[PDB]
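Written below as structure tokens is the structure these notes are about.
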Amino acid sequence: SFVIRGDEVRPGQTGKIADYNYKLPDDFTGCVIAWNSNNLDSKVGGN
Amino acid sequence: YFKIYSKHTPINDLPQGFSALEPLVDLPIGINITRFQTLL
Amino acid sequence: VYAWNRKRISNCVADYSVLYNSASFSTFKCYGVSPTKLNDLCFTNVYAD
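Chains X, R and V are the protein sequences, given in the same order.
Residues 399 to 408, 412 to 448 in full-length UniProt numbering are what the first sequence lists, from first letter to last.
Residues 200 to 211, 215 to 242 in full-length UniProt numbering are what the second sequence lists, from first letter to last.
Residues 350 to 398 in full-length UniProt numbering are what the third sequence lists, from first letter to last.
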């Protein structure tokens, strides 16, 4: 579980998330679900 | 790119012989070249 | 829309489009290459669009 605006929401990727947040394996077996928390992350800025 | 090849040879019509030309230039141009003239 | 250049310059030594590698600039799609192999691979086209 994490929160990301960097590289928007987005395991076959090498982006702002992959190198600066987390890398899921290119063969990663599993599911990903991303919930926009603009109204749920409370402070919107979310620094 | 644009290519020019050439060869130096004595020429004795255009008598036949066996050879190949070597490049002179390789210049990216992007020109829709369709016609030409030579210059004296 | 009325312009897609190809050769702004024929010879570049300053080629590091990290804009893609780290997505430090924006979103992108690479065709036939890794987005990260920017200084490992080289092409004779250095500009476009």
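Where a beta carbon is used, it is the ideal one built from N, C-alpha and C, also for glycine.
Since residue i contacts residue j with CB under 8 angstroms, what's their CB separation in whole angstroms?
i, j, result
"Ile358 (chain V)", "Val382 (chain V)", "Not a contact, Cβ separation roughly 21 angstroms."
"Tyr200 (chain R)", "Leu229 (chain R)", "6 angstroms"
"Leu223 (chain R)", "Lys206 (chain R)", "5 angstroms"
"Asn360 (chain V)", "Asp398 (chain V)", "That belief does not hold up - the Cβ atoms of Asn360 (chain V) and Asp398 (chain V) are roughly 19 angstroms apart, past 8 angstroms."
So which residues on chain X does residue i lean against when the C-beta distance must stay under 7 angstroms?
i, result
"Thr385 (chain V)", "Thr415"
Can the beta-carbon of residue i be found closer than 8 angstroms to that of residue j?
i, j, result
"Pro384 (chain V)", "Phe377 (chain V)", "yes"
"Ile402 (chain X)", "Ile418 (chain X)", "yes"
"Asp420 (chain X)", "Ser371 (chain V)", "yes"
"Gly446 (chain X)", "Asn422 (chain X)", "no"
"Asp427 (chain X)", "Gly413 (chain X)", "yes"
"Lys386 (chain V)", "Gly232 (chain R)", "no"
"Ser221 (chain R)", "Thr236 (chain R)", "no"
For residue i, report the span of its beta strand (DSSP E) as first-last.
i, result
"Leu226 (chain R)", "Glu224 to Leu229"
"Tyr204 (chain R)", "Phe201 to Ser205"
Run through chain V and tell me which residues come within less than 7 angstroms of residue i, C-beta to C-beta.
i, result
"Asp405 (chain X)", "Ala372"
Applying a beta-carbon distance threshold of less than 8 angstroms, which residues of chain R neighbour residue i?
i, result
"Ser359 (chain V)", "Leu229 and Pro230"
"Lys378 (chain V)", "Neighbours of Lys378 (chain V) on chain R: none; closest Cβ ~24 angstroms, over 8 angstroms."
In the DSSP assignment, find the alpha helix (DSSP H) that holds residue i and state where it starts and stops.
i, result
"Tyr421 (chain X)", "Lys417 to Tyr421"
"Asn370 (chain V)", "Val367 to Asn370"
Name the chain V residues whose beta carbon is nearer than 8 angstroms to that of residue i?
i, result
"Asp420 (chain X)", "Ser371"
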